[PDB]
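One file, input_4.pdb, is given below (PDB, C-alpha atoms and all ligand atoms).
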```pdb
MODEL        1
ATOM      1  CA  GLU A  57      46.851  33.842  -0.381  1.00  0.00           C
ATOM      2  CA  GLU A  58      43.238  35.059  -0.165  1.00  0.00           C
ATOM      3  CA  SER A  59      41.833  32.196   1.923  1.00  0.00           C
ATOM      4  CA  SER A  60      40.343  33.570   5.129  1.00  0.00           C
ATOM      5  CA  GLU A  61      40.985  30.376   7.090  1.00  0.00           C
ATOM      6  CA  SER A  62      44.433  29.928   8.549  1.00  0.00           C
ATOM      7  CA  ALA A  63      46.486  26.906   7.551  1.00  0.00           C
ATOM      8  CA  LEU A  64      45.911  25.158  10.875  1.00  0.00           C
ATOM      9  CA  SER A  65      42.142  25.658  10.821  1.00  0.00           C
ATOM     10  CA  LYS A  66      41.899  24.208   7.318  1.00  0.00           C
ATOM     11  CA  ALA A  67      44.060  21.252   8.361  1.00  0.00           C
ATOM     12  CA  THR A  68      42.300  20.578  11.661  1.00  0.00           C
ATOM     13  CA  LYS A  69      39.009  20.250   9.785  1.00  0.00           C
ATOM     14  CA  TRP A  70      40.721  18.093   7.179  1.00  0.00           C
ATOM     15  CA  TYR A  71      42.568  15.743   9.525  1.00  0.00           C
ATOM     16  CA  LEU A  72      39.762  15.450  12.094  1.00  0.00           C
ATOM     17  CA  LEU A  73      36.950  14.962   9.541  1.00  0.00           C
ATOM     18  CA  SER A  74      34.849  17.895  10.700  1.00  0.00           C
ATOM     19  CA  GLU A  75      31.842  17.480   8.424  1.00  0.00           C
ATOM     20  CA  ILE A  76      31.847  13.688   8.587  1.00  0.00           C
ATOM     21  CA  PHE A  77      31.466  13.614  12.367  1.00  0.00           C
ATOM     22  CA  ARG A  78      28.606  16.070  11.983  1.00  0.00           C
ATOM     23  CA  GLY A  79      27.138  13.870   9.257  1.00  0.00           C
ATOM     24  CA  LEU A  80      27.223  10.916  11.630  1.00  0.00           C
ATOM     25  CA  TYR A  81      25.622  12.993  14.374  1.00  0.00           C
ATOM     26  CA  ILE A  82      22.643  14.013  12.234  1.00  0.00           C
ATOM     27  CA  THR A  83      22.093  10.381  11.279  1.00  0.00           C
ATOM     28  CA  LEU A  84      22.194   9.407  14.954  1.00  0.00           C
ATOM     29  CA  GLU A  85      19.469  11.951  15.725  1.00  0.00           C
ATOM     30  CA  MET A  86      17.085   9.877  13.605  1.00  0.00           C
ATOM     31  CA  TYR A  87      17.833   6.820  15.736  1.00  0.00           C
ATOM     32  CA  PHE A  88      15.839   8.440  18.567  1.00  0.00           C
ATOM     33  CA  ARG A  89      12.806   9.354  16.450  1.00  0.00           C
ATOM     34  CA  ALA A  90       9.546   7.577  15.786  1.00  0.00           C
ATOM     35  CA  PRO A  91       9.783   5.488  12.594  1.00  0.00           C
ATOM     36  CA  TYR A  92       7.228   5.656   9.803  1.00  0.00           C
ATOM     37  CA  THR A  93       6.519   1.965   9.231  1.00  0.00           C
ATOM     38  CA  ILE A  94       2.952   0.653   9.465  1.00  0.00           C
ATOM     39  CA  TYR A  95       2.315  -3.038  10.085  1.00  0.00           C
ATOM     40  CA  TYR A  96       0.384  -4.105   7.028  1.00  0.00           C
ATOM     41  CA  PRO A  97      -1.784  -6.247   6.785  1.00  0.00           C
ATOM     42  CA  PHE A  98      -2.839  -5.260  10.311  1.00  0.00           C
ATOM     43  CA  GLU A  99      -2.974  -1.602   9.255  1.00  0.00           C
ATOM     44  CA  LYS A 100      -3.684   0.127   5.968  1.00  0.00           C
ATOM     45  CA  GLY A 101      -2.441   3.298   4.366  1.00  0.00           C
ATOM     46  CA  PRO A 102      -4.919   6.098   3.784  1.00  0.00           C
ATOM     47  CA  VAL A 103      -7.618   5.794   1.133  1.00  0.00           C
ATOM     48  CA  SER A 104      -9.906   8.463  -0.289  1.00  0.00           C
ATOM     49  CA  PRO A 105     -13.400   8.257  -1.791  1.00  0.00           C
ATOM     50  CA  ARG A 106     -11.988   8.859  -5.280  1.00  0.00           C
ATOM     51  CA  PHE A 107      -9.713   5.807  -5.177  1.00  0.00           C
ATOM     52  CA  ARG A 108      -9.746   3.444  -8.158  1.00  0.00           C
ATOM     53  CA  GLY A 109      -9.536  -0.272  -7.473  1.00  0.00           C
ATOM     54  CA  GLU A 110     -11.442  -3.418  -8.373  1.00  0.00           C
ATOM     55  CA  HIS A 111     -14.466  -3.046 -10.634  1.00  0.00           C
TER      56      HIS A 111
ATOM     57  CA  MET B  70      -6.106  -9.239   4.123  1.00  0.00           C
ATOM     58  CA  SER B  71      -9.073 -10.442   2.063  1.00  0.00           C
ATOM     59  CA  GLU B  72     -10.655 -11.674   5.304  1.00  0.00           C
ATOM     60  CA  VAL B  73     -11.630  -8.132   6.320  1.00  0.00           C
ATOM     61  CA  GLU B  74     -15.288  -7.496   5.565  1.00  0.00           C
ATOM     62  CA  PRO B  75     -15.848  -4.785   2.924  1.00  0.00           C
ATOM     63  CA  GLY B  76     -17.675  -2.452   5.300  1.00  0.00           C
ATOM     64  CA  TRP B  77     -14.747  -2.390   7.725  1.00  0.00           C
ATOM     65  CA  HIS B  78     -12.123  -2.497   4.973  1.00  0.00           C
ATOM     66  CA  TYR B  79     -12.918   1.162   4.315  1.00  0.00           C
ATOM     67  CA  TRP B  80     -12.854   2.206   7.972  1.00  0.00           C
ATOM     68  CA  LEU B  81      -9.526   0.481   8.599  1.00  0.00           C
ATOM     69  CA  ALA B  82      -7.883   2.513   5.824  1.00  0.00           C
ATOM     70  CA  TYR B  83      -8.876   5.829   7.472  1.00  0.00           C
ATOM     71  CA  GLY B  84     -11.385   6.393   4.705  1.00  0.00           C
ATOM     72  CA  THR B  85     -14.377   7.079   6.919  1.00  0.00           C
ATOM     73  CA  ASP B  86     -15.040   8.337  10.432  1.00  0.00           C
ATOM     74  CA  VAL B  87     -18.252   6.341  11.028  1.00  0.00           C
ATOM     75  CA  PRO B  88     -17.732   2.606  11.600  1.00  0.00           C
ATOM     76  CA  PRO B  89     -20.192   0.377   9.724  1.00  0.00           C
ATOM     77  CA  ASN B  90     -21.865  -0.501  13.033  1.00  0.00           C
ATOM     78  CA  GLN B  91     -22.671   3.163  13.764  1.00  0.00           C
ATOM     79  CA  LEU B  92     -24.193   3.852  10.348  1.00  0.00           C
ATOM     80  CA  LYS B  93     -27.335   5.914  10.048  1.00  0.00           C
ATOM     81  CA  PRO B  94     -30.221   3.796   8.693  1.00  0.00           C
ATOM     82  CA  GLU B  95     -30.438   6.380   5.889  1.00  0.00           C
ATOM     83  CA  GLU B  96     -26.845   5.522   4.931  1.00  0.00           C
ATOM     84  CA  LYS B  97     -26.832   1.712   5.084  1.00  0.00           C
ATOM     85  CA  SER B  98     -26.990  -0.138   1.790  1.00  0.00           C
ATOM     86  CA  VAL B  99     -30.346  -1.742   1.012  1.00  0.00           C
ATOM     87  CA  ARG B 100     -29.940  -5.315  -0.243  1.00  0.00           C
ATOM     88  CA  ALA B 101     -32.981  -7.182  -1.556  1.00  0.00           C
ATOM     89  CA  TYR B 102     -31.073 -10.486  -1.455  1.00  0.00           C
ATOM     90  CA  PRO B 103     -29.834 -12.578   1.478  1.00  0.00           C
ATOM     91  CA  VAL B 104     -26.312 -11.702   2.610  1.00  0.00           C
ATOM     92  CA  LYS B 105     -24.157 -14.645   3.643  1.00  0.00           C
ATOM     93  CA  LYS B 106     -20.857 -15.007   5.490  1.00  0.00           C
ATOM     94  CA  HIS B 107     -17.894 -13.142   4.044  1.00  0.00           C
ATOM     95  CA  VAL B 108     -15.879 -15.187   1.544  1.00  0.00           C
ATOM     96  CA  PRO B 109     -12.148 -14.361   1.384  1.00  0.00           C
ATOM     97  CA  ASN B 110      -9.951 -14.554  -1.708  1.00  0.00           C
ATOM     98  CA  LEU B 111     -10.282 -18.122  -2.962  1.00  0.00           C
ATOM     99  CA  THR B 112      -7.160 -18.349  -5.105  1.00  0.00           C
ATOM    100  CA  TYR B 113      -4.873 -21.364  -4.602  1.00  0.00           C
ATOM    101  CA  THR B 114      -7.971 -23.406  -3.684  1.00  0.00           C
ATOM    102  CA  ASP B 115     -10.838 -25.105  -5.491  1.00  0.00           C
ATOM    103  CA  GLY B 116     -13.103 -22.086  -5.000  1.00  0.00           C
ATOM    104  CA  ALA B 117     -11.152 -19.859  -7.363  1.00  0.00           C
ATOM    105  CA  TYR B 118     -13.488 -18.243  -9.856  1.00  0.00           C
ATOM    106  CA  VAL B 119     -13.523 -19.718 -13.366  1.00  0.00           C
ATOM    107  CA  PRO B 120     -14.371 -17.363 -16.251  1.00  0.00           C
ATOM    108  CA  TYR B 121     -16.757 -18.519 -18.938  1.00  0.00           C
ATOM    109  CA  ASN B 122     -18.657 -17.080 -21.874  1.00  0.00           C
ATOM    110  CA  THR B 123     -22.156 -15.961 -20.898  1.00  0.00           C
ATOM    111  CA  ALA B 124     -23.383 -15.784 -24.508  1.00  0.00           C
ATOM    112  CA  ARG B 125     -24.742 -18.538 -26.714  1.00  0.00           C
ATOM    113  CA  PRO B 126     -23.098 -19.375 -30.043  1.00  0.00           C
ATOM    114  CA  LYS B 127     -24.112 -16.969 -32.780  1.00  0.00           C
ATOM    115  CA  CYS B 128     -25.024 -19.575 -35.424  1.00  0.00           C
ATOM    116  CA  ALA B 129     -27.476 -22.446 -35.002  1.00  0.00           C
ATOM    117  CA  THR B 130     -26.754 -25.404 -37.260  1.00  0.00           C
ATOM    118  CA  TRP B 131     -29.538 -27.124 -39.181  1.00  0.00           C
ATOM    119  CA  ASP B 132     -31.539 -29.771 -37.369  1.00  0.00           C
ATOM    120  CA  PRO B 133     -31.460 -32.405 -40.101  1.00  0.00           C
ATOM    121  CA  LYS B 134     -34.600 -34.204 -41.218  1.00  0.00           C
ATOM    122  CA  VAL B 135     -35.017 -36.630 -44.117  1.00  0.00           C
ATOM    123  CA  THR B 136     -38.048 -36.434 -46.402  1.00  0.00           C
ATOM    124  CA  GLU B 137     -38.845 -39.152 -48.929  1.00  0.00           C
ATOM    125  CA  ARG B 138     -39.917 -38.505 -52.500  1.00  0.00           C
ATOM    126  CA  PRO B 139     -43.425 -39.479 -53.705  1.00  0.00           C
TER     127      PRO B 139
HETATM  128  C1  LIG C 201      35.493  15.037  21.423  1.00  0.00           C
HETATM  129  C2  LIG C 201      35.383  13.587  20.973  1.00  0.00           C
HETATM  130  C3  LIG C 201      34.227  13.339  20.011  1.00  0.00           C
HETATM  131  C4  LIG C 201      34.367  14.091  18.693  1.00  0.00           C
HETATM  132  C5  LIG C 201      35.567  13.640  17.875  1.00  0.00           C
HETATM  133  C6  LIG C 201      35.650  14.319  16.519  1.00  0.00           C
HETATM  134  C7  LIG C 201      35.696  15.833  16.608  1.00  0.00           C
HETATM  135  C8  LIG C 201      35.254  16.493  15.312  1.00  0.00           C
HETATM  136  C9  LIG C 201      35.302  18.012  15.353  1.00  0.00           C
HETATM  137  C10 LIG C 201      36.720  18.534  15.235  1.00  0.00           C
HETATM  138  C11 LIG C 201      37.076  18.873  13.805  1.00  0.00           C
HETATM  139  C12 LIG C 201      36.898  20.326  13.480  1.00  0.00           C
HETATM  140  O1  LIG C 201      37.280  20.853  12.472  1.00  0.00           O
HETATM  141  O2  LIG C 201      36.271  20.984  14.439  1.00  0.00           O
HETATM  142  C13 LIG C 201      35.695  22.233  14.092  1.00  0.00           C
HETATM  143  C14 LIG C 201      34.399  21.970  13.373  1.00  0.00           C
HETATM  144  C15 LIG C 201      33.958  23.035  12.393  1.00  0.00           C
HETATM  145  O3  LIG C 201      33.983  24.322  12.953  1.00  0.00           O
HETATM  146  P1  LIG C 201      33.545  25.497  11.921  1.00  0.00           P
HETATM  147  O4  LIG C 201      32.749  24.907  10.806  1.00  0.00           O
HETATM  148  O5  LIG C 201      34.693  26.408  11.624  1.00  0.00           O
HETATM  149  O6  LIG C 201      32.567  26.230  13.015  1.00  0.00           O
HETATM  150  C16 LIG C 201      31.921  27.407  12.583  1.00  0.00           C
HETATM  151  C17 LIG C 201      32.160  28.607  13.471  1.00  0.00           C
HETATM  152  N1  LIG C 201      31.934  28.464  14.953  1.00  0.00           N
HETATM  153  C18 LIG C 201      33.189  27.919  15.544  1.00  0.00           C
HETATM  154  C19 LIG C 201      31.657  29.785  15.576  1.00  0.00           C
HETATM  155  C20 LIG C 201      30.818  27.532  15.267  1.00  0.00           C
HETATM  156  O7  LIG C 201      33.393  21.684  14.345  1.00  0.00           O
HETATM  157  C21 LIG C 201      32.582  20.662  14.094  1.00  0.00           C
HETATM  158  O8  LIG C 201      32.376  20.247  12.988  1.00  0.00           O
HETATM  159  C22 LIG C 201      31.974  20.097  15.340  1.00  0.00           C
HETATM  160  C23 LIG C 201      31.267  18.774  15.110  1.00  0.00           C
HETATM  161  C24 LIG C 201      30.565  18.298  16.371  1.00  0.00           C
HETATM  162  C25 LIG C 201      29.656  17.105  16.129  1.00  0.00           C
HETATM  163  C26 LIG C 201      30.419  15.800  15.962  1.00  0.00           C
HETATM  164  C27 LIG C 201      30.829  15.177  17.289  1.00  0.00           C
HETATM  165  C28 LIG C 201      30.016  13.949  17.660  1.00  0.00           C
HETATM  166  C29 LIG C 201      30.483  12.696  16.937  1.00  0.00           C
HETATM  167  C30 LIG C 201      30.188  11.417  17.706  1.00  0.00           C
HETATM  168  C31 LIG C 201      30.624  11.479  19.165  1.00  0.00           C
HETATM  169  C32 LIG C 201      30.220  10.244  19.956  1.00  0.00           C
HETATM  170  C1  LIG C 202      48.240  15.326  12.495  1.00  0.00           C
HETATM  171  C2  LIG C 202      46.994  14.619  13.010  1.00  0.00           C
HETATM  172  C3  LIG C 202      46.804  13.228  12.420  1.00  0.00           C
HETATM  173  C4  LIG C 202      45.344  12.802  12.330  1.00  0.00           C
HETATM  174  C5  LIG C 202      45.142  11.545  11.496  1.00  0.00           C
HETATM  175  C6  LIG C 202      43.726  11.370  10.972  1.00  0.00           C
HETATM  176  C7  LIG C 202      43.626  11.563   9.465  1.00  0.00           C
HETATM  177  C8  LIG C 202      42.347  10.999   8.865  1.00  0.00           C
HETATM  178  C9  LIG C 202      42.164  11.355   7.398  1.00  0.00           C
HETATM  179  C10 LIG C 202      42.200  12.856   7.161  1.00  0.00           C
HETATM  180  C11 LIG C 202      42.511  13.205   5.719  1.00  0.00           C
HETATM  181  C12 LIG C 202      41.291  13.259   4.853  1.00  0.00           C
HETATM  182  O1  LIG C 202      40.163  13.230   5.259  1.00  0.00           O
HETATM  183  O2  LIG C 202      41.596  13.350   3.569  1.00  0.00           O
HETATM  184  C13 LIG C 202      40.533  13.220   2.635  1.00  0.00           C
HETATM  185  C14 LIG C 202      40.885  12.137   1.642  1.00  0.00           C
HETATM  186  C15 LIG C 202      41.640  12.616   0.419  1.00  0.00           C
HETATM  187  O3  LIG C 202      41.343  13.956   0.092  1.00  0.00           O
HETATM  188  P1  LIG C 202      42.250  14.598  -1.107  1.00  0.00           P
HETATM  189  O4  LIG C 202      42.186  13.736  -2.329  1.00  0.00           O
HETATM  190  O5  LIG C 202      43.605  14.996  -0.601  1.00  0.00           O
HETATM  191  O6  LIG C 202      41.302  15.931  -1.328  1.00  0.00           O
HETATM  192  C16 LIG C 202      40.962  16.715  -0.213  1.00  0.00           C
HETATM  193  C17 LIG C 202      42.116  17.562   0.276  1.00  0.00           C
HETATM  194  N1  LIG C 202      42.630  18.733  -0.527  1.00  0.00           N
HETATM  195  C18 LIG C 202      41.536  19.513  -1.170  1.00  0.00           C
HETATM  196  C19 LIG C 202      43.432  19.643   0.338  1.00  0.00           C
HETATM  197  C20 LIG C 202      43.533  18.194  -1.583  1.00  0.00           C
HETATM  198  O7  LIG C 202      39.721  11.391   1.261  1.00  0.00           O
HETATM  199  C21 LIG C 202      38.649  11.287   2.044  1.00  0.00           C
HETATM  200  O8  LIG C 202      37.676  11.976   1.917  1.00  0.00           O
HETATM  201  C22 LIG C 202      38.779  10.209   3.074  1.00  0.00           C
HETATM  202  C23 LIG C 202      37.585  10.158   4.006  1.00  0.00           C
HETATM  203  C24 LIG C 202      37.581   8.881   4.827  1.00  0.00           C
HETATM  204  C25 LIG C 202      36.403   8.778   5.779  1.00  0.00           C
HETATM  205  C26 LIG C 202      36.245   7.374   6.341  1.00  0.00           C
HETATM  206  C27 LIG C 202      35.222   7.274   7.464  1.00  0.00           C
HETATM  207  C28 LIG C 202      35.795   7.613   8.832  1.00  0.00           C
HETATM  208  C29 LIG C 202      35.539   6.538   9.878  1.00  0.00           C
HETATM  209  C30 LIG C 202      36.099   6.881  11.249  1.00  0.00           C
HETATM  210  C31 LIG C 202      35.170   7.752  12.080  1.00  0.00           C
HETATM  211  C32 LIG C 202      33.859   7.064  12.422  1.00  0.00           C
ENDMDL
END
```

Once you've parsed the file, please lay out its structure as structure tokens.
Amino acid sequence: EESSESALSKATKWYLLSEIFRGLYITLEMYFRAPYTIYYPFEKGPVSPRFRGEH
Amino acid sequence: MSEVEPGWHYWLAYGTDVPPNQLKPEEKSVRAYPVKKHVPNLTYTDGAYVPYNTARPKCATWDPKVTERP
């Protein structure tokens, strides 16, 4: 009896999957972003002068 | 990827701003031996490096000689 939301508001979010449709929408935002992948062996990740490799 | 010459292997990986063809003569390496064509990784071929011991054996067996009594 101390829930601020009315019964219909709590059930409209529940039946219409409020947060799931948002969750899909955020994932779809990434679809229109630049990916991170680099095309090794045609490109190389960063190296620094302190790097340890072959002796 | 082993076909990339060592000088440019560093530039390609965003490790340096000066390409090895724009090097200052006071920053090039000085090699007192002839430098040949780049050799890629030779594994899965006949050119694969073979390790061996660079040290001689530590005991030298007697070189036998026979001497005859008087
Ligand atoms: C129209 C057809 C497409 C969408 C179909 C699904 C509708 C879902 C929302 C209704 C449920 C609900 O509960 O809606 C209400 C909810 C939650 O509101 P709250 O948290 O109380 O808001 C806080 C207080 N405000 C009201 C002042 C802001 O809003 C949402 O989460 C909206 C989600 C919108 C993004 C998802 C839509 C895009 C999906 C892919 C479309 C191609
Ligand atoms: C009158 C209008 C009719 C509308 C009909 C639509 C109803 C749909 C289901 C609503 C009920 C619900 O989401 O329920 C949630 C149920 C069970 O939840 P529970 O165990 O009861 O706990 C929660 C409720 N409490 C606390 C009140 C008890 O599990 C789930 O999370 C199911 C999530 C399924 C998501 C699948 C992906 C969606 C793909 C489609 C969009 C791309």

With ligand LIG 202 (chain C) as the partner and 6 Å as the cut-off, tabulate the residues of chain A that qualify, each row holding the nearest pair of atoms and their distance in Å to one decimal, using all atoms listed in the file, sorted by chain and rising number, as a tab-separated table.
```
residue	atom	partner	partner_atom	distance
A:70	CA	C:LIG202	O1	5.3
A:71	CA	C:LIG202	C10	3.7
A:72	CA	C:LIG202	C6	5.8
A:73	CA	C:LIG202	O1	5.6
```

Go through chain A and flag each residue having an atom no more than 9 Å from chain B; for those, report the closest pair of atoms plus their distance in Å to one decimal, using only C-alpha atoms, ordered by chain and rising number, as JSON lines.
```
{"residue": "A:96", "atom": "CA", "partner": "B:70", "partner_atom": "CA", "distance": 8.8}
{"residue": "A:97", "atom": "CA", "partner": "B:70", "partner_atom": "CA", "distance": 5.9}
{"residue": "A:98", "atom": "CA", "partner": "B:70", "partner_atom": "CA", "distance": 8.0}
{"residue": "A:99", "atom": "CA", "partner": "B:81", "partner_atom": "CA", "distance": 6.9}
{"residue": "A:100", "atom": "CA", "partner": "B:82", "partner_atom": "CA", "distance": 4.8}
{"residue": "A:101", "atom": "CA", "partner": "B:82", "partner_atom": "CA", "distance": 5.7}
{"residue": "A:102", "atom": "CA", "partner": "B:82", "partner_atom": "CA", "distance": 5.1}
{"residue": "A:103", "atom": "CA", "partner": "B:84", "partner_atom": "CA", "distance": 5.2}
{"residue": "A:104", "atom": "CA", "partner": "B:84", "partner_atom": "CA", "distance": 5.6}
{"residue": "A:105", "atom": "CA", "partner": "B:84", "partner_atom": "CA", "distance": 7.1}
```

Which chains and residue numbers are within 6 Å of ligand LIG 201 (chain C), counting all atoms listed in the file, if I want them as a short mmCIF file (atom, residue, chain, number, x, y, z; two decimals) with C-alpha atoms, keeping the file's coordinate frame?
```
data_model
loop_
_atom_site.label_atom_id
_atom_site.label_comp_id
_atom_site.auth_asym_id
_atom_site.auth_seq_id
_atom_site.Cartn_x
_atom_site.Cartn_y
_atom_site.Cartn_z
CA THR A 68 42.30 20.58 11.66
CA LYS A 69 39.01 20.25 9.78
CA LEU A 72 39.76 15.45 12.09
CA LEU A 73 36.95 14.96 9.54
CA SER A 74 34.85 17.90 10.70
CA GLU A 75 31.84 17.48 8.42
CA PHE A 77 31.47 13.61 12.37
CA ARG A 78 28.61 16.07 11.98
CA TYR A 81 25.62 12.99 14.37
#
```

Check your understanding: So how far away is CA of residue 88 (chain B) from CA of residue 106 (chain A), in Å?
Key ->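 Distance reported for this atom pair: 18.9 Å.
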
Check your understanding: Between CA of residue 91 (chain A) and CA of residue 76 (chain A), what is the distance, to one decimal in Å?
Key -> 23.9 Å

Point to revise | Selection result of the PyMOL selection byres (((chain B and resi 108) around 12) and not hetatm) on this file, as a list in words | key: residues 70, 71, 72, 73, 74, 75, 104, 105, 106, 107, 109, 110, 111, 112, 116 and 117 of chain B

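Taking CA of residue 123 (chain B) and CA of residue 99 (chain B) as the two end points, the separation is 27.4 Å.
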
Emit as AutoDock Vina command-line options the padded axis-aligned box for all listed atoms of region 128-139 of chain B, 6 Å per side, with centre and edge lengths in Å to one decimal.
```
--center_x -34.2 --center_y -29.5 --center_z -44.4 --size_x 30.4 --size_y 31.9 --size_z 30.7
```
